[PDB]
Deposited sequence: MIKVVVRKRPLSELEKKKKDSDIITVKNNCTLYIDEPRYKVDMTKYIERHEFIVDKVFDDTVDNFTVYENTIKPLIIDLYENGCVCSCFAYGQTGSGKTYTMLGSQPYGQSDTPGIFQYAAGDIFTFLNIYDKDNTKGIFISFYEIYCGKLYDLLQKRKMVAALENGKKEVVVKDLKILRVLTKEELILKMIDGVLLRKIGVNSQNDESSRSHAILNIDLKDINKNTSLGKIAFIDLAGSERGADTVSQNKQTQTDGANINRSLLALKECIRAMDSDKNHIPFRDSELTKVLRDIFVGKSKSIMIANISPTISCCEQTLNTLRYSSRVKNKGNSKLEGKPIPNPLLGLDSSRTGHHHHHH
């Protein structure tokens, strides 16, 4: 199953100075309007209101702790109580707030404004201490980038297959947070030397609770930071690498939509082989899993086309 929530980020300082308008109106808990300025039937100013309804909308005043408690805390409870396979996706255009949602403000780890990941790490270890006082269970992570359909280990530049990814035992929340931060920053430098590689790749951090002696899973949660939803525009680039990331991002994001839709209905056969992204994530599409997608949106006029694309996509996956 999957819950789809939308988070509106507030105008930045710079956006306010350029006197950008905020075109997003959050009506209530489940509803929001996008007011798009158009010039039609001639060429004069009017507003088309597009209304969207989702599971939950967070307006631009909702902080990260509140997002965490609402979205992720129930998943960690499921993991520990029920042995649930869980996932949290961040979806939206570059600049919409995916990274701020996950990790808070820069510099990461130095700032007093953490993201949902740090709050999650704290509760993962508190729960571990409730569920184990005998050092019989442990937390084991993998973290990797998917770029142009291939995997790159962010706990380590050369491609790897899934079975060769480093699996690391982590003993405290601080260690888990440091490994997440350092992996995000490594992807930001560009492991394949591509410009804004983080926007043009997916990243997946898997947190697995294991019975240490049996080496079996007792539940897990994956955090997935998707490629920029606008980046399928890269497919027209005359730079061959950039063209390839565009085709791959289009394919992976469509594949993800199909797999979520199959899961939510036509459920016998999940088309996980449609993309490398869905193939590595195949375990999340199996009915008893618990997933959330946070769809981040930017509030300005210049982002209107992409904000509409994001909200349309968010409507189709809820199906």
property	result
Parts of the chain sequence, as deposited, that carry no C-alpha coordinates in this structure	157 to 167, 331 to 360
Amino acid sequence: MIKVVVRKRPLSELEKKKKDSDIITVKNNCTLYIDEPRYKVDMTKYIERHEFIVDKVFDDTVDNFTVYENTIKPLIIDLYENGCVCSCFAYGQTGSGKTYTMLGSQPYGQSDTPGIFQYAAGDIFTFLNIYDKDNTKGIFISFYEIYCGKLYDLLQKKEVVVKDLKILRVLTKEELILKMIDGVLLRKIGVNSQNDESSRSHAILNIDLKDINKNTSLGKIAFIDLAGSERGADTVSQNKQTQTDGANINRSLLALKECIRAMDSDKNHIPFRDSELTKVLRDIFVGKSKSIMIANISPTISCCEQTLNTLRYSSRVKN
From here on, numbers count along this sequence of modelled residues.
| item | value |
| --- | --- |
| 17 to 25 versus 301 to 309 - which carries the larger mean C-alpha B factor in the record | 17 to 25 |
| Mean temperature factor over C-alpha atoms, higher-scoring stretch between 231 to 239 and 207 to 215 | 207 to 215 |
| Out of 187, 173, 158, 150, highest CA B-factor residue | 158 |
| Highest-ranked of 257, 251, 279, 267 once sorted by CA temperature factor in the record | 267 |
| Third of the chain, ranked by Cα B-factor, where residue 200 sits | lowest |
| Cα B factor band for residue 98 (lowest, middle or highest third within the chain) | lowest |
| Residue 30 - Cα temperature factor, lowest/middle/highest third of chain | highest |
| Residue 64 CA temperature factor, ranked by third within the chain | lowest |
| CA B-factor ranking of residue 244, expressed as a third of its chain | middle |
